[PDB]
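[1] Partial complex here, more coming in a sec:
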Amino acid sequence: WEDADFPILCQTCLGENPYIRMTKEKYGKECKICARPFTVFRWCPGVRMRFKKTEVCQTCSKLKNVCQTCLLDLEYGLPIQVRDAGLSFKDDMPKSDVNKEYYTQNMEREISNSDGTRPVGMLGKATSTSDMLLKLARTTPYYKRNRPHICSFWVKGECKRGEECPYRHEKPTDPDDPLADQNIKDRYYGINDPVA
Amino acid sequence: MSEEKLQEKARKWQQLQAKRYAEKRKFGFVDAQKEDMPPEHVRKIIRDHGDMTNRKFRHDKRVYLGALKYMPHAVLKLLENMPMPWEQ
């Protein structure tokens, strides 16, 4: 089981305030991809926001080179599908569950025997910079990502708890928009990611 | 350098040190005992949860199972304190 002392997190997730209080919970939840238990870190990113938590373990985070929460890339903040396609890169990691488990142990074996602090196995296949990526990449935060969820009772039209309500009282995105149907797996593997 | 700002600087400094080295923040400090709740508090909790059939409390099912490995303790401590025949 993966036991780490510090979560791999990008600046936009980490928050606008450089003094952060966070709680460390050993084996609190299973990884949203590889299903292995991992150490969950949870923190308040700012004055009004979701009070975020790490969703995937560092192992899965290392392989793609992505933040444990938003799964946007630590070098550019773009999505995985954009970064790999721009370098004409592809991931050979299996899609079926049983073969994924086999692959998981192999990478565990590799990181334990090697230095392991490095993307360089997966990054080494495509180290070259590309004008496409450098143009698209965020130069600045996107704190709006952090904002609270929508109040479901308010959408029902009988918002008890009144103006205390920490959840947002604004219109949700229309369900006919193809951008709504996102999946963590699909964003992680980089298959049919509408944002990409 | 204005005497006005000096007086504000003194005020800032005085407040800062007084709370930093306040007696309730000494190294040896242990916070006060957990004193007792009202007796009606646990009464409502048990009566609300019932027999865990309700949808609302479904998070807590896991704890109600997990607690079973301390039930012989509870049984022991209950009967140990049984009232004597002269007590109402």
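    Received, thanks. Numbering: from 1, shown residues only, chains lettered A, B, ... in the order given.
[2] Any idea how far stretch A:154-169 is from the middle of the chain?
    28 Å (C-alpha atoms, centre = their mean, to the nearest Å).
[3] And it, what's buried?
    Buried positions in stretch A:154-169, judged by neighbour count with 16 or more other C-beta atoms under 10 Å in any protein chain shown: A:154, A:167. No exception for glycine: its C-beta is placed from N, CA and C like everyone else's.
[4] Now do that stretch: distance from first to last residue.
    Separation of the first and last residues of stretch A:154-169 by C-alpha to C-alpha, to the nearest Å is 7 Å.
[5] Just want the phi and psi numbers for the residue nearest in space to the middle of chain B.
    For chain B, the residue nearest the mean C-alpha position is residue B:34 (5.7 Å; C-alpha atoms, centre = their mean). Backbone torsions of residue B:34, given as degrees, to the nearest 10, read phi -70, psi 100.
[6] That one and residue A:186: what is the separation?
    48 Å (C-beta to C-beta, to the nearest Å).
[7] ok, now residue A:134?
    Between residue A:134 and residue A:186 the distance is 26 Å, computed by C-beta to C-beta.
[8] Also, this goes in as chain C:
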Amino acid sequence: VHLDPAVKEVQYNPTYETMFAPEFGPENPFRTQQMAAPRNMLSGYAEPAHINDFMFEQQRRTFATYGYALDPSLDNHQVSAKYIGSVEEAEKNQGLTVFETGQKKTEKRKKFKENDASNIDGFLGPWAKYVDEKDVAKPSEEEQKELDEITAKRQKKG
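    Same chains as before, plus chain C:
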């Protein structure tokens, strides 16, 4: 000079000139932003601080209340200290913290008080509601209909 750059746990006391002098030569172009920064773990450099509990907590609180704070970084330039964030309100509010008598004290919200505990169904001590902004909000005559559409559109999928 005489000290390796690939070094840890130095057993003796190196002089300033024999430890801080430059690495010679040109930089390679084959290293991105993440690769060139002196990281200990995949996203950055983590090292154990021992900052005093009252001072961390004060500054942290201060940013949430206002949006300025005194910079915690420990190299940057060793030249002059600055505030960070919305620096305009640092000079404006004369650099106070939350643990101080505030400068602004106006426009307080009004609530009931019946501090007697003698009239049953009339006591409200610290549970007092503000008088103006009131329960059972709903947002529109027509937004309700648009949310009715969205829920109806969800019904067409399953």
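[9] since we added chain C, can you redo the buried residues of stretch A:154-169?
    Result for stretch A:154-169 [16+ other C-beta under 10 Å]: buried residues A:154-155, A:159, A:167.
[10] Make a markdown table out of those residues and add secondary structure and distance to chain B.
    A markdown table is the format used below for those (DSSP: H, G, I helix; E, B strand; the rest coil; distance: C-beta to the nearest C-beta, whole Å):
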| residue | secondary structure | distance to chain B |
| --- | --- | --- |
| A:154 | helix | 20 |
| A:155 | helix | 20 |
| A:159 | strand | 19 |
| A:167 | coil | 19 |
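[11] Which ones, among those residues, also lie beside chain C?
    A:154-155, A:159 (C-beta under 8 Å from any C-beta of the partner chain).
[12] Among the residues you listed, pick out the one closest to residue C:123, please.
    Taking C-beta to C-beta as the measure, residue A:159 is the one of those closest to residue C:123, at 28.1 Å.
[13] If the closest one is in a bridge, with which residues?
    Residue A:159 has these beta-bridge partners by DSSP bridges: residue C:137.
[14] Please list the residues of chain B that sit near chain C.
    Applying C-beta under 8 Å from any C-beta, one finds that chain B approaches chain C through B:8, B:11-12, B:15-16, B:19-20, B:25.
[15] put chain D on too:
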Amino acid sequence: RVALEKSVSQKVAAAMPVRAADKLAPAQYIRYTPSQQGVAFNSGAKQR
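    Same chains as before, plus chain D:
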């Protein structure tokens, strides 16, 4: 021995799991340099 007795202890910790609650308050600070530095990202500071 320090290496083995520690691993011993992690094995021995399984033997009695419920003898008491663990006690835990080592509330530590760590200082962090985010690698992907910028003027905007940290609201100004080099470190957090």
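[16] What about the buried residues of stretch A:154-169 again, now that chain D is present?
    Neighbour-count burial for stretch A:154-169, counted by 16+ other C-beta under 10 Å, picks out A:154-155, A:159, A:167.
[17] is any part of stretch C:57-69 close to chain A?
    Yes. Stretch C:57-69 lies within reach of chain A by C-beta under 8 Å from any C-beta, at C:59-60, C:63-64, C:69.
[18] Keep only those of the residues you listed that are in strands.
    residue C:69 (DSSP state E).
[19] got the residue ranges for the helices in chain B?
    In chain B, the helices defined using DSSP state H lie at B:3-20, B:40-49, B:61-66, B:71-80.
[20] what does the second one rub up against?
    Under the criterion C-beta atoms under 8 Å, 6 or more residues apart in numbering or on different chains, residues B:57, B:60 lie in contact with helix B:40-49.
[21] give me that answer again for 6 Å
    For helix B:40-49, contacts defined as C-beta atoms under 6 Å, 6 or more residues apart in numbering or on different chains pick out residue B:57.
[22] Then the longest one?
    Where contact means C-beta under 6 Å, 6+ apart, the residues beyond helix B:3-20 that reach it are C:54, C:100.
[23] 8 Å - rerun?
    Contacts of helix B:3-20 (C-beta under 8 Å, 6+ apart): B:25, C:52, C:54-55, C:94, C:96, C:99-100.
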